[PDB]
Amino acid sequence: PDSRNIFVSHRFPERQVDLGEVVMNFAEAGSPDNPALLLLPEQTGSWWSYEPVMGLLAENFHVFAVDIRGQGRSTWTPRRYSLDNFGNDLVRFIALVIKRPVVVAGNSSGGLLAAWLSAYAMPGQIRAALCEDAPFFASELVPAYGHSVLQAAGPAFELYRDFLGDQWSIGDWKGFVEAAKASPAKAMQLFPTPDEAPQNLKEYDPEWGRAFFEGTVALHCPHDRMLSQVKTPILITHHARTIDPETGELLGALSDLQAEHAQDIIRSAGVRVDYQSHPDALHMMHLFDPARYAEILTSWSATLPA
């Protein structure tokens, strides 16, 4: 994987654009007369996390699915992984490639960035943001509310750092898998441990995981302040989540309490916010139940002002 020559074929053509520091890879679907839709993957996911759902969304949207920096065919940038750098790359992407206002939809950390764009993009760039099971608060080191990253997804990111290493400099996949299987963190059960590293992980810069676990990725983007600054309608979907009865760990993206405060803050900013709890859905609904995801996204987007 530190070859950066490990890529495979996909169903939609891919194109790259120079944003200045990062060269961003992306795939396009749908017809350009339809409203623009920017799709942001989960951490460890390339644009083609959205490949099964892109055909469905192609019926109604002009779809751009991107590799975020440090993922896929987009530039890996050591020591530069922050929500602000991720977000400003996407501001540049809209300005250089799309050149229209977008609906932005993001899963997990991509949902953090969907909110980031609502608050901090260039004026007019963002019509609305869909935050698909975004770990508001629970992906911070010291959140204003609820479980920290250390008490939720952190243990997996720690193992990415310790065994895969920055830019796959260590690459001990077998040691990662044996450490993951031996971990006493119940949340580890939500992460794949196949016999060989899966394609999405070979495209992933594990310094992402370091930055989340060490609390550097969002040091300059406290979530309570970010959510208070959003400027567009927001849709929050909230998928599976439980509190482990033996460790107290959060299993899922964010707890009910965290979701309640996220809504409250957005509402206090005076922007439209809608919340949908889908407690039996998997974290990556856009991948594992694309028809349900597409319906949610399409139906909501139809309620947006023109």
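Start at 1 with the first residue shown and count on from there.
Mean C-alpha B-factor is higher over 239-247 than over the other stretch, the pair under comparison being 239-247 and 65-73. When the C-alpha B-factors of 104-112 and 141-149 are averaged, 141-149 comes out higher. Which of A262, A281, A29, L39 has the largest Cα B-factor in the deposited entry comes down to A29. The residue among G87, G215, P222, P194 whose C-alpha atom has the highest B-factor in the PDB entry is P194. When the CA B factors of the chain's modelled residues are split into thirds, the value for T232 lands in the middle one.
The deposited CA B-factor of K99 belongs to the middle third of values across its chain. Split the chain's modelled residues into thirds by C-alpha temperature factor. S255 is in the middle one. For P184, the recorded CA temperature factor ranks within the highest third of the chain's modelled residues. For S118, the recorded CA temperature factor ranks within the lowest third of the chain's modelled residues.
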